[PDB]
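Worksheet: the structure to be examined is printed underneath.
In what follows, chains are A, B, ... by sequence order, proteins preceding strands, each numbered from 1. Just so you know, these numbers use all the heavy atoms, side chains as well, and skip hydrogens, waters and symmetry mates.
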Amino acid sequence: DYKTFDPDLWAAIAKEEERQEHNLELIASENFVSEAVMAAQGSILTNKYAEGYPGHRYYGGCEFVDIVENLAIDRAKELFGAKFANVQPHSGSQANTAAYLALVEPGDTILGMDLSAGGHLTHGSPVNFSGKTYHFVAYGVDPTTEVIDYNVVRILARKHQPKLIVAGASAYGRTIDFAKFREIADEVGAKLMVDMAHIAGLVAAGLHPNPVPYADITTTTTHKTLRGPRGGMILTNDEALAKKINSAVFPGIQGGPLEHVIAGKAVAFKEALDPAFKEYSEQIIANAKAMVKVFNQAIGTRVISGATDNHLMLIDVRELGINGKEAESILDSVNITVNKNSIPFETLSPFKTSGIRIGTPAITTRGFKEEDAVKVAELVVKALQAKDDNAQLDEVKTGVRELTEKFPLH
Amino acid sequence: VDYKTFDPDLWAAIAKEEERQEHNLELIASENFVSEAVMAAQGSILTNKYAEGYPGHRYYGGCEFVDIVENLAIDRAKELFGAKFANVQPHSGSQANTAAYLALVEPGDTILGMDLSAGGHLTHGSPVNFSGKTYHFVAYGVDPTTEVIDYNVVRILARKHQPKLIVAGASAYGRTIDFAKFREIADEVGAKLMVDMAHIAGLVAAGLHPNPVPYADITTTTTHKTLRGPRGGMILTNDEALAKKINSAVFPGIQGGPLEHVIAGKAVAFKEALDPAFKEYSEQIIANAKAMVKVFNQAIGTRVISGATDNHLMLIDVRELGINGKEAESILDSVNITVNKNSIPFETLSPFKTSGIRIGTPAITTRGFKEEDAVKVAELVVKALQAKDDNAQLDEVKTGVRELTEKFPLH
Ligand SMILES: Cc1n[nH]c2c1[C@](c1cc(C#CCCCO)cc(CO)c1)(C(C)C)C(C#N)=C(N)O2
Ligand SMILES: Cc1n[nH]c2c1[C@](c1cc(C#CCCCO)cc(CO)c1)(C(C)C)C(C#N)=C(N)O2
Ligand SMILES: Cc1ncc(COP(=O)(O)O)c(CN[C@@H](CO)C(=O)O)c1O
Ligand SMILES: Cc1ncc(COP(=O)(O)O)c(CN[C@@H](CO)C(=O)O)c1O
């Protein structure tokens, strides 16, 4: 009805609904939120200005909005065991901005994971506030094993004497050893920040070591393996840092929080407290390992580091005569969505790349089991091996159609 | 329903907030009621899409239709305001202002901006905010007697401090802002000009406030105040070199993935603002505000800062009544009238006690209040603040509030 007033906009949204139904979303950072999360974001909480924190707002009328924000704070403390939580960051980027503000001064030396090795842009990129505002020195992975070499990180720390070490990654498929990062931080007098955005759901399910007891500050997004709305979060066990975090978020770098999004965070956090969430997260990892077993035994799809401990994998496609941008293009043509992704010691442009990144949280949410993940990896292999044999790309398109129809959305 | 039974804590709180919005007079000047369509866009499956980059230049695929949506927001914004370029990704007004500064000045540069007590925003140079921490802000205010901007003082300050940038725009300023004078003062000292129209954006879009876009190097705004859209920010410019710096500052500069369900809501609201009926709404906003200022000027104890309004809001110095702004806020909230305490020009109390309250009409106007209803609101406010404890009076106000909200239901 209101769609009559703006048919162009609602038409685009309908096509996007259909695109999400008909494609296999293998983007490691995406998911499908519940009906309840979307209803919270579609609520009248968008109308409320609520600057400040629960019980000490700068506006009238927040007495019931404060319940929502307290639910999100307290469910985060329950899920992750943090003594303090801040649920107002608009995004992972704002969450990391405020975490740095609470820990270091502009120009300070910070050790963070290199982008090609799998770090995030906010872990030290020169085109990002992180690299522009602080002096970042990168660590990476070993060139042969493609996992983090903790003794190399240790050497780097003692050489550079950073005020802060950042751990966490956008494209690292192996377990991060937070105990060792804390060990190294302590040796050089540095604080430790962990960005668990990608693994937060796995951490909540007890399937990846929990960084919260080790890190001075833990940041996260709410929309990856946690399966919540797009937004950020900051955790800490230190009451003094909690006060600095809160001031840094507001009035430091934000104004009004998005209380409708925060309600969706509260919704998603109770979903994650349900025993069914542990089974979901278990299935994410099983599906991912199943998929890595297929790629390991295929010709020309080299799995970075040869294994996965979590939800994602990086695939080196150099053996196939293509770069990551071309691989992403082939797979889109058959309704399989991935992203081109730099690989350790990447030699091509960050917009060409030698690889693609694949993750299983979204298809697992659709209901894929181990057998279905194997099928996806085989269609991916077939499409990249089909050096443009139209007959084969069309078989793959059919295999995708078969899978989406067996696992429709709500 | 089924998910409301899974989580009664959360859904019963939202239900109570729906009732509060129905039953209170929402007089907070920066609030509004978005349409059903805006809420449905924010509640859409667009929340599931990562779309880093810009339309047609994304960092990965899958963005065919997200690109249509965001280009609708960009194009309707350009149409609404007459700008050659728009960025609709900023998560908020604060992020919009962060990126605008990054496109205009370097850390440590001298910036002229409105003082907080005088009506400026925290991002206009407060030392507790990134703006005051990152740049050298020099504040201008209003005149103590007339409580309006003194443009020769701004000129004097600009000539004395040689700012790299002058910022114009306010959060609690009820009078017309002369953007031409600001453009002239900036040119005289060679400064750039940035205008934050967050509060007056809808009025500009309706032609009822002078338009800053032709005078400002960069114009920033929120989408959720008089523009009546979802919570978010936006940046406008006519300069292609600046537009590139703006886009780079927003992403990958200070943000990651945009909120595309919110950006859909921005597209929905921009088309609503392009409709001729938006001009009548915007006119009614100002006529309601002016009708309230008249009531407050007659009452002793509710002193209207500067004695008039040209836009949607007014600031009330309540000290003659023997209370501060915090007590007035709390008195009004206990009779179901929602305002915010607010510093006034030359504030002498703590910024958390304050001498005043701020009142605006966009929300009640959206509910359908006309001038005679705005008059009744102002009378109830006067009565509540003069009542001094008298519960008969306060309950009288409470009945008036329920009369007005029952006359003008939501949806
Ligand atoms: C976004 C993003 N944010 N954080 C990230 C990314 C990734 C990314 C970065 C860039 C870049 C660049 C230079 C700056 C632009 O001027 C290009 C691409 C694809 O073209 C992908 C993907 C999305 C995960 C990535 C990688 N590879 C890593 N590790 O982390
Ligand atoms: C938020 C906000 N952001 N921008 C703003 C505000 C206002 C505001 C600020 C503070 C503060 C502080 C630290 C001050 C340095 O010590 C306290 C209050 C009421 O308690 C209200 C209101 C909401 C409009 C305001 C005022 N008055 C101005 N003009 O603009
Ligand atoms: C570890 C980490 N920390 C922070 C962020 C940023 O979150 P934001 O997009 O909400 O700003 C990301 C985003 N990660 C995106 C790229 O932006 C991805 O596809 O992986 C992240 O991976
Ligand atoms: C002129 C201007 N520019 C920017 C902002 C910040 O927008 P944000 O709250 O979305 O971050 C505001 C917010 N205005 C709020 C105070 O934060 C208010 O109640 O008025 C603003 O008034």
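- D239(B) is not listed as a side-chain neighbour of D217(B), based on a closest heavy-atom distance of 4.5 Å or more.
- A side-chain donor-acceptor contact under 3.5 Å links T309(B) to the backbone of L313(B).
- Residues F136(A) and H160(A) keep their aromatic ring centres 6.0 Å or farther apart.
- Across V87(A), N86(A), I73(A), a single residue satisfies side chain to side chain contact (heavy atoms under 4.5 Å, CB included) together with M233(A), and that is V87(A).
- The nearest pair of heavy atoms linking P162(A) to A190(A) is O-CB, 3.3 Å.
- Side-chain contact check for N32(B) and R228(B): no donor-acceptor pair (N or O, by modelled atom type) lies under 3.5 Å.
- Judged purely by distance below 3.5 Å, without hydrogens or angles, the side chains of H124(B) and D196(B) pair a donor atom with an acceptor atom.
- Under a 4.0 Å N-O distance rule, the pair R319(B)/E327(B) does not qualify as a salt bridge.
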(request) Kindly indicate, with the supporting measurements, whether the criterion side chain to side chain donor-acceptor pair (under 3.5 Å) is fulfilled by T354(B) and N342(B). (result) CA-CA 6 Å; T354(B) 86; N342(B) 215 94; over 6 Å; no
Distance-only check: which donor-acceptor pairs under 3.5 Å involve side-chain atoms of residues 250-263 of chain A, not counting sequence neighbours?
unit_1: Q254(A); atom_1: OE1; unit_2: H90(A); atom_2: N; d: 2.8
unit_1: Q254(A); atom_1: NE2; unit_2: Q88(A); atom_2: O; d: 2.9
unit_1: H260(A); atom_1: NE2; unit_2: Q42(B); atom_2: OE1; d: 3.4

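- A side-chain donor from one of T110(B) and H136(B) sits under 3.5 Å from a side-chain acceptor of the other.
- In this structure, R155(B) forms no cation-pi arrangement with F182(B), as its terminal cationic atom is not both closer than 6.0 Å to the ring centre and no more than 45° off the ring axis.
- The shortest distance between side-chain heavy atoms of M194(B) and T220(B) falls below 4.5 Å.
- For the residue pair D108(A) and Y100(A), no side-chain donor N or O sits within less than 3.5 Å of a side-chain acceptor on the partner.
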